[PDB]
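Okay, so here's just one chain, in structure tokens, the form deposited in one PDB entry.
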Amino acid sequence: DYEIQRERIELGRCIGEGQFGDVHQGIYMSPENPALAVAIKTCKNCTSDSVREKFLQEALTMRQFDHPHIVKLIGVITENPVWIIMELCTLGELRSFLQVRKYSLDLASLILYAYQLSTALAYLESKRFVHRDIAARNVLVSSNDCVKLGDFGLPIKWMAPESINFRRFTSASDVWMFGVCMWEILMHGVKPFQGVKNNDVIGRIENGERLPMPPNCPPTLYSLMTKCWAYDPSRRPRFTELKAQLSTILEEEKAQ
């Protein structure tokens, strides 16, 4: 089962702050693997069952997916203090990694990350799961050549127009938000619309404006991004198709 005995967990260095509390790395001592490196999400306010409810929904949902580019649940400890134990991605959240690895990562690698992300989102799409919070900050880096979707759950600057005007969230909103994430990656983790009032962002989308083509970004990728940003959700592509196009973009980039 998925409940874990606190005695098999050795808490270690704090590796990040989450919505609910500190995120730690640590060791999980099971009989199947005597020393498994894990991540531990903690829940600062989980004495409140309303918080505990929302915190542990993340683990109930993780548990349903099996993809190579989606983080995996190990187990939970539900007595206080409540903990989620999940796979460790030792290079942390994608945004910081992009920031710190600027000048160090090449183009093929940035494309590799977007294509990897699209395969995770095509998989979720095939399961009819809407994610609603696709952003570089919600992706983790397992290795120089492997990123993973780390969260499932306001980010106006990332959201589709119909999310903002009708609070509506669909596979097509996800596609839109994934265009923004691709932009974020080709900009090495610069946030979209920096220094722009949220409320002014919506008018500019309605005005037809869009995020600029990043430097060093290929026309083929920018064209992909702009299809993701069709104002009408029914003109935007499906991740299955985005996945296939990014596969071609990557094979050709590898060729230089």
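A residue's number is simply how far along the shown sequence it sits, counting from 1. Just so we're on the same page, rigid core means the largest C-alpha set that superposes within 1.5 Å between forms.
From this point on, the text means the form deposited in another entry, which you will not see here.
> Could you check which of 91, 130, 107, 146 shows a C-alpha shift of 2 Å or more between the shown form and the other one after a rigid core superposition?
Correct option: 130.
> What direction does the residue 137-residue 62 Cα distance move in that other deposited form compared with the shown chain, closer or farther, given a change of 3 Å or more?
Result: closer.
> Given a change of 3 Å or more, say if the Cα atoms of residue 119 and residue 135 sit closer or farther in that other deposited form than in this form.
It is farther: the C-alpha separation of residue 119 and residue 135 rises by at least 3 Å in that other deposited form.
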